[PDB]
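Undergrad: Encoded as structure tokens, here's the structure I'll be asking about.
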Amino acid sequence: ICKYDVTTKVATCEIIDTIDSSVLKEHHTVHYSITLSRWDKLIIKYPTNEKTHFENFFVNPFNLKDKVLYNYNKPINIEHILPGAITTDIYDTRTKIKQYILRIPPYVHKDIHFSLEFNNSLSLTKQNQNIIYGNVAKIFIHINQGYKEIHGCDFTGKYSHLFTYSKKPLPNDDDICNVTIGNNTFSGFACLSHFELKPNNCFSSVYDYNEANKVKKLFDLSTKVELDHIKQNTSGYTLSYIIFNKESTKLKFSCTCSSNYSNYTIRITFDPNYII
Amino acid sequence: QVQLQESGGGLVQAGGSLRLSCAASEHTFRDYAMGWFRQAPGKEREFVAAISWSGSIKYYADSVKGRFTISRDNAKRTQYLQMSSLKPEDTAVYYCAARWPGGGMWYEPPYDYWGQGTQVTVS
Ligand SMILES: *[C@@H]1O[C@H](CO)[C@@H](O[C@@H]2O[C@H](CO)[C@@H](O[C@@H]3O[C@H](CO[C@H]4O[C@H](CO)[C@@H](O)[C@H](O)[C@@H]4O)[C@@H](O)[C@H](O[C@H]4O[C@H](CO)[C@@H](O)[C@H](O)[C@@H]4O)[C@@H]3O)[C@H](O)[C@H]2NC(C)=O)[C@H](O)[C@H]1NC(C)=O
Ligand SMILES: *[C@@H]1O[C@H](CO)[C@@H](O[C@@H]2O[C@H](CO)[C@@H](O)[C@H](O)[C@H]2NC(C)=O)[C@H](O)[C@H]1NC(C)=O
Ligand SMILES: *[C@@H]1O[C@H](CO)[C@@H](O)[C@H](O)[C@H]1NC(C)=O
């Protein structure tokens, strides 16, 4: 079943035994309806052709990592309707299962609906003289408006509604974008994917302003922080998001996106007593 | 956001209040950052306030910080400016304006679309 744990902001769905071709089921098609908000995660464990009783299983859309079924109808890149979404689709060669994780961005501008179909109707198992076919499961997902824009820096110009600062990048730019945030306020940035992001996988490592811009892992500065990152989405952009909660130590750090002719620095100051 | 129209504007005491509204009948109002400017007699038009498209992030000018409040209803496609503790220098023609984000901070000019303006007098 699909369950949303309101405490972890995570919706988990397991679509394996519901579509197995070895078990008997009343309904050939079952529907799940889930509503998500900004920063929620959707984790779906589903099978592959390599798992017994799922030899002819398939997903719709086939490119599940990049696409959804917009309006339960046509297969579209999720980046087009949910700007800034982050998807991963990782295979487990032991259990023959795949895990799909969708991160809703820290702000959603437009209410959206889409669906995903896990179709095992073509797989079959032989029991005695009977041939039993697998079944189908559909997930209908709804995303609400995102409440607040990210106090951050869009260096691409393509995420103007997602960030408080957004500017198209010209040659010979050398811009520094400053941000002060308190607890439970999102920051982040977007760059061209071919630009060089320094340090590696910001904010996973950052230049610590307090210690002479030395490179440090973020978790060697705070364990009261959540982050996410995508190196290259389907539109060719790099994005990173960060948020603190219940962190009392003050922080000051930065990161850079640099091409052969331009530099873009984001400088974040986290003050646990800053009031907007 | 093509059609912007203000409502409100009159006379107040030297410590009273007034409230301006700005309406746009167009759906794309949802996508524009909203703002208020004022122009005094024979003075360059100055920035008053601005609110983001989400309605959650506001930015005020130092001249009005602490007395003026901006907000918006995206369903009705309206925005409002509650002006309290009005002062004789606050006398001006107030216009509302919308801008598509980009080119820097969201609240920073240039603003794209404008209204016709409503007069506000205090004494
Ligand atoms: C899980 O996945 C399975 C397998 O992909 C899907 O099952 C297929 O579903 C489609 C419809 O979505 C079925 O197609 C329909 O078949 C009818 C004709 O069937 C036979 O037609 C000729 C003989 O007349 C045969 O040569 C041919 O091979 C077919 O077996 C038609 O009535 C339908 O056409 C109508 O709908 C289509 C839109 O789909 C229109 O374009 C047409 O103009 C017309 O109105 C239609 O083509 C198909 O047979 C199924 N394949 C199977 C069972 O192997 C499931 O839909 C999917 N489960 C879900 C989504 O829950
Ligand atoms: C981006 O940053 C680099 C590295 O700092 C800049 O290249 C420097 O340009 C300055 C200009 O005074 C020179 O003195 C330095 O020699 C250059 N750096 C090095 C490491 O030698 C570059 O100009 C920046 N890009 C801009 C400003 O568009
Ligand atoms: C960021 O702060 C630095 C240091 O004060 C300043 O030079 C720079 O102009 C600031 N950038 C802004 C305000 O965009």
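Counting starts with 1 at the first residue shown.
Method of determination (from the header): X-ray crystallography, 2.5 Å.
Placement of Cβ uses the backbone N, Cα and C atoms for every residue, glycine included.
In case it helps, Swiss-Prot gives these features for our protein:
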type: DISULFID; residues: A:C153-A:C177; note: disulfide bond
type: DISULFID; residues: A:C191-A:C257; note: disulfide bond
type: DISULFID; residues: A:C202-A:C255; note: disulfide bond
type: CARBOHYD; residues: A:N119; note: N-linked glycosylation site
type: CARBOHYD; residues: A:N178; note: N-linked glycosylation site
type: CARBOHYD; residues: A:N183; note: N-linked glycosylation site
type: CARBOHYD; residues: A:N233; note: N-linked glycosylation site
type: CARBOHYD; residues: A:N260; note: N-linked glycosylation site
type: CARBOHYD; residues: A:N263; note: N-linked glycosylation site
Undergrad: For A:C191 (disulfide bond), which residues in the same chain are close in space, meaning a Cβ under 8 Å from its Cβ, but six or more apart along the sequence?
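TA: Set apart from A:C191 (disulfide bond) by at least 6 residues yet with Cβ under 8 Å, we have A:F155, A:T156, A:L197, A:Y237, A:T238, A:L239, A:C257, A:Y264.
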Undergrad: A:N263 (N-linked glycosylation site) to A:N178 (N-linked glycosylation site): how many Å between their Cα atoms?
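TA: Per the Cα atoms, A:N263 (N-linked glycosylation site) and A:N178 (N-linked glycosylation site) stand 14 Å apart.
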Undergrad: Filter the disulfide-bonded residues A:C153, A:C255, A:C257 down to those with CB closer than 6 A to an atom of ligand 1; keep them in sequence order.
TA: none
Undergrad: Out of A:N233, A:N260, which has the highest number of nearby Cβ atoms, where nearby means within 10 Å of its Cβ, if these are the glycosylation sites?
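TA: Answer returned by the neighbour count: A:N233.
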Undergrad: Is any of A:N178, A:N183, A:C257 (recorded positions) within Cβ reach of ligand 3, i.e. under 6 A, and which?
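TA: Passing the 6 Å Cβ check against ligand 3: A:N178.
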Undergrad: Using a Cβ cut-off of under 6 Å to any atom of ligand 2, determine which of the recorded positions A:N119, A:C177, A:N183, A:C191, A:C202, A:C257 qualify.
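TA: From A:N119, A:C177, A:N183, A:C191, A:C202, A:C257, counting a Cβ under 6 Å from ligand 2 as near, there are none.
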Undergrad: Determine, using Cα-Cα distances only, which of these recorded positions is closest to A:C153 (disulfide bond): A:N178, A:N183, A:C202, A:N233, A:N260.
TA: A:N178
Undergrad: If one looks at the chain holding A:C255 (disulfide bond), which residues at least 6 apart in sequence have a CB under 8 angstroms from its CB?
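TA: Correct list: A:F189, A:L197, A:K198, A:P199, A:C202, A:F203, A:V206, A:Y207, A:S240, A:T265, A:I266.
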Undergrad: Counting Cβ atoms within 10 Å across all protein chains shown, which of the disulfide-bonded residues A:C153, A:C202, A:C257 comes out on top?
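TA: Answer by Cβ density within 10 Å: A:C153.
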